[PDB]
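**Q** Structure supplied as work_2.pdb; contents: PDB, C-alpha atoms.
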```
ATOM      1  CA  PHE X 311       8.178 -16.957  -9.749
ATOM      2  CA  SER X 312       9.482 -15.703  -6.405
ATOM      3  CA  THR X 313      11.544 -12.951  -8.062
ATOM      4  CA  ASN X 314       9.274 -12.494 -11.098
ATOM      5  CA  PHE X 315       6.702 -10.555  -9.057
ATOM      6  CA  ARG X 316       9.393  -8.074  -7.975
ATOM      7  CA  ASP X 317       9.703  -6.643 -11.490
ATOM      8  CA  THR X 318       5.926  -6.309 -11.829
ATOM      9  CA  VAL X 319       5.646  -4.598  -8.436
ATOM     10  CA  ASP X 320       8.466  -2.187  -9.291
ATOM     11  CA  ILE X 321       6.887  -1.359 -12.658
ATOM     12  CA  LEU X 322       3.446  -0.803 -11.106
ATOM     13  CA  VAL X 323       4.938   1.308  -8.285
ATOM     14  CA  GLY X 324       5.738   3.967 -10.879
ATOM     15  CA  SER X 334      -4.068   4.453 -16.622
ATOM     16  CA  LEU X 335      -2.098   1.248 -17.209
ATOM     17  CA  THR X 336      -2.258   0.152 -13.555
ATOM     18  CA  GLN X 337      -5.406  -1.875 -14.272
ATOM     19  CA  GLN X 338      -3.591  -4.163 -16.725
ATOM     20  CA  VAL X 339      -0.695  -4.916 -14.370
ATOM     21  CA  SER X 340      -3.104  -5.337 -11.447
ATOM     22  CA  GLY X 341      -5.197  -7.853 -13.368
ATOM     23  CA  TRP X 342      -2.131  -9.734 -14.578
ATOM     24  CA  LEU X 343      -0.735  -9.976 -11.045
ATOM     25  CA  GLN X 344      -4.096 -11.093  -9.646
ATOM     26  CA  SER X 345      -4.485 -13.776 -12.324
ATOM     27  CA  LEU X 346      -0.873 -14.935 -11.901
ATOM     28  CA  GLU X 347      -1.642 -16.572  -8.544
ATOM     29  CA  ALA X 355       4.295 -17.829   2.676
ATOM     30  CA  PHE X 356       6.431 -15.232   0.905
ATOM     31  CA  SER X 357       3.660 -12.613   1.093
ATOM     32  CA  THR X 358       3.754 -12.640   4.907
ATOM     33  CA  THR X 359       7.371 -11.457   4.936
ATOM     34  CA  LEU X 360       6.913  -9.336   1.792
ATOM     35  CA  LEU X 361       4.231  -7.071   3.282
ATOM     36  CA  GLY X 362       6.704  -6.068   5.994
ATOM     37  CA  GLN X 363       8.747  -4.087   3.478
ATOM     38  CA  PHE X 364       5.732  -1.998   2.472
ATOM     39  CA  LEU X 365       4.679  -1.536   6.103
ATOM     40  CA  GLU X 366       8.155  -0.315   7.054
ATOM     41  CA  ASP X 367       8.253   1.980   4.021
ATOM     42  CA  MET X 368       4.957   3.630   4.965
ATOM     43  CA  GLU X 369       6.042   4.002   8.594
ATOM     44  CA  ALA X 370       9.369   5.564   7.584
ATOM     45  CA  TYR X 371       7.715   7.974   5.145
ATOM     46  CA  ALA X 372       5.161   9.040   7.756
ATOM     47  CA  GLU X 373       7.879   9.583  10.365
ATOM     48  CA  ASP X 374      10.040  11.593   7.951
ATOM     49  CA  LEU X 375       7.062  13.660   6.752
ATOM     50  CA  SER X 376       6.855  15.544  10.060
ATOM     51  CA  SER X 392       5.692  17.286   0.299
ATOM     52  CA  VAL X 393       6.245  15.151  -2.804
ATOM     53  CA  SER X 394       6.058  11.764  -1.078
ATOM     54  CA  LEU X 395       2.264  11.590  -1.501
ATOM     55  CA  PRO X 396       2.336   9.914  -4.969
ATOM     56  CA  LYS X 397       4.676   7.242  -3.611
ATOM     57  CA  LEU X 398       2.373   6.558  -0.660
ATOM     58  CA  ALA X 399      -0.654   6.323  -2.954
ATOM     59  CA  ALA X 400       1.150   3.921  -5.292
ATOM     60  CA  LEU X 401       2.276   1.760  -2.370
ATOM     61  CA  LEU X 402      -1.262   1.633  -0.986
ATOM     62  CA  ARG X 403      -2.677   0.666  -4.386
ATOM     63  CA  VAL X 404      -0.123  -2.100  -4.940
ATOM     64  CA  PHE X 405      -0.670  -3.348  -1.378
ATOM     65  CA  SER X 406      -4.423  -3.542  -1.931
ATOM     66  CA  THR X 407      -3.916  -5.318  -5.259
ATOM     67  CA  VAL X 408      -1.531  -7.908  -3.796
ATOM     68  CA  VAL X 409      -3.780  -8.577  -0.794
ATOM     69  CA  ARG X 410      -6.800  -8.914  -3.097
ATOM     70  CA  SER X 411      -4.930 -11.291  -5.426
ATOM     71  CA  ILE X 412      -5.194 -14.019  -2.765
ATOM     72  CA  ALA X 427      -5.519 -14.800  11.429
ATOM     73  CA  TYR X 428      -4.198 -12.825  14.404
ATOM     74  CA  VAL X 429      -1.966 -10.213  12.708
ATOM     75  CA  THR X 430      -4.911  -8.759  10.770
ATOM     76  CA  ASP X 431      -5.867  -6.457  13.646
ATOM     77  CA  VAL X 432      -2.252  -5.359  14.144
ATOM     78  CA  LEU X 433      -1.774  -4.533  10.462
ATOM     79  CA  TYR X 434      -5.134  -2.744  10.300
ATOM     80  CA  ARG X 435      -4.292  -0.622  13.344
ATOM     81  CA  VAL X 436      -0.842   0.177  11.941
ATOM     82  CA  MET X 437      -2.344   1.251   8.613
ATOM     83  CA  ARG X 438      -4.989   3.386  10.324
ATOM     84  CA  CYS X 439      -2.378   5.081  12.521
ATOM     85  CA  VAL X 440       0.019   5.733   9.632
ATOM     86  CA  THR X 441      -2.837   7.185   7.566
ATOM     87  CA  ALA X 442      -4.189   9.399  10.358
ATOM     88  CA  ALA X 443      -0.667  10.628  11.160
ATOM     89  CA  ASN X 444      -0.448  12.510   7.837
ATOM     90  CA  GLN X 445      -3.004  15.172   8.762
ATOM     91  CA  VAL X 446      -1.198  18.190   7.275
ATOM     92  CA  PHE X 447      -0.935  17.673   3.514
ATOM     93  CA  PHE X 448      -4.559  16.436   3.283
ATOM     94  CA  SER X 449      -4.259  14.690  -0.079
ATOM     95  CA  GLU X 450      -7.376  13.072  -1.539
ATOM     96  CA  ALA X 451      -5.489  10.339  -3.432
ATOM     97  CA  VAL X 452      -3.818   8.935  -0.314
ATOM     98  CA  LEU X 453      -7.091   9.112   1.629
ATOM     99  CA  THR X 454      -8.993   7.265  -1.106
ATOM    100  CA  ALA X 455      -6.305   4.587  -1.378
ATOM    101  CA  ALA X 456      -6.210   4.151   2.401
ATOM    102  CA  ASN X 457     -10.001   3.895   2.542
ATOM    103  CA  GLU X 458     -10.024   1.185  -0.125
ATOM    104  CA  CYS X 459      -7.219  -0.697   1.634
ATOM    105  CA  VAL X 460      -8.969  -0.535   5.010
ATOM    106  CA  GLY X 461     -12.217  -1.668   3.412
ATOM    107  CA  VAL X 462     -10.708  -4.725   1.744
TER     108      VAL X 462
END
```
Represent the structure contained in this file as structure tokens.

**A**
Amino acid sequence: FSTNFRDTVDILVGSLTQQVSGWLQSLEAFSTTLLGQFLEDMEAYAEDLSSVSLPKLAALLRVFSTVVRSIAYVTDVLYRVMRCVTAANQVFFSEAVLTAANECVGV
């Protein structure tokens, strides 16, 4: 089960997102260290941005929100990091990434 979620995440990171999201949520430590990969990916993309990386960022934000919703001191750190990485990309001004970031921050 530890490696089974990797295939689902990779497939969903590509209208069918609702089915995979529901399956992953109903399927269920490792998440603590797993979120670091996504955090580092967003930070690297934001640093390299300063324009086709927007779909990837939106997909990563959606999968991150789905995995966190499928389920106490690092919450503020992660929230601040997400807010900073989202506010950094203030040139492209894409609505999809903003909507995904808003949903992630809300949850």

**Q** I'd like to see the residues matched by the PyMOL selection byres ((chain X and resi 312) around 12) on this file, and ideally I'd get them as a list in words.

**A**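 After applying the PyMOL selection byres ((chain X and resi 312) around 12), what remains is residues 311, 313, 314, 315, 316, 317, 318, 319, 346, 347, 355, 356, 357 and 360 of chain X.
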
**Q** Store the residues of this selection in a file with C-alpha atoms, as a CSV table (one decimal), keeping the file's coordinate frame.

**A**
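Writing done, so here's out24.csv:
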```csv
chain,number,residue,atom,x,y,z
X,311,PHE,CA,8.2,-17.0,-9.7
X,313,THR,CA,11.5,-13.0,-8.1
X,314,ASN,CA,9.3,-12.5,-11.1
X,315,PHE,CA,6.7,-10.6,-9.1
X,316,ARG,CA,9.4,-8.1,-8.0
X,317,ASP,CA,9.7,-6.6,-11.5
X,318,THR,CA,5.9,-6.3,-11.8
X,319,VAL,CA,5.6,-4.6,-8.4
X,346,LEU,CA,-0.9,-14.9,-11.9
X,347,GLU,CA,-1.6,-16.6,-8.5
X,355,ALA,CA,4.3,-17.8,2.7
X,356,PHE,CA,6.4,-15.2,0.9
X,357,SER,CA,3.7,-12.6,1.1
X,360,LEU,CA,6.9,-9.3,1.8
```

**Q** Near segment 372-393 of chain X, counting all atoms listed in the file, which residues have an atom at most 8 Å away, once you skip same-chain residues fewer than 4 positions from it, shown as number ranges by chain?

**A** X: 368, 440, 443-444, 447

**Q** Could you please determine the separation between atom CA of residue 337 of chain X and atom CA of residue 362 of chain X in Å, to one decimal place?

**A**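 Interatomic distance, atom CA of residue 337 of chain X to atom CA of residue 362 of chain X: 24.0 Å.
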
**Q** Would you write out, as an NGL selection string, every residue that the PyMOL selection byres ((chain X and resi 456) around 12) captures in this file?

**A** :X and (368 or 395 or 398-406 or 434 or 436-442 or 444 or 449-455 or 457-462)

**Q** Would you work out the distance separating atom CA of residue 396 of chain X from atom CA of residue 358 of chain X, expressed in Å to one decimal?

**A** 24.7 Å
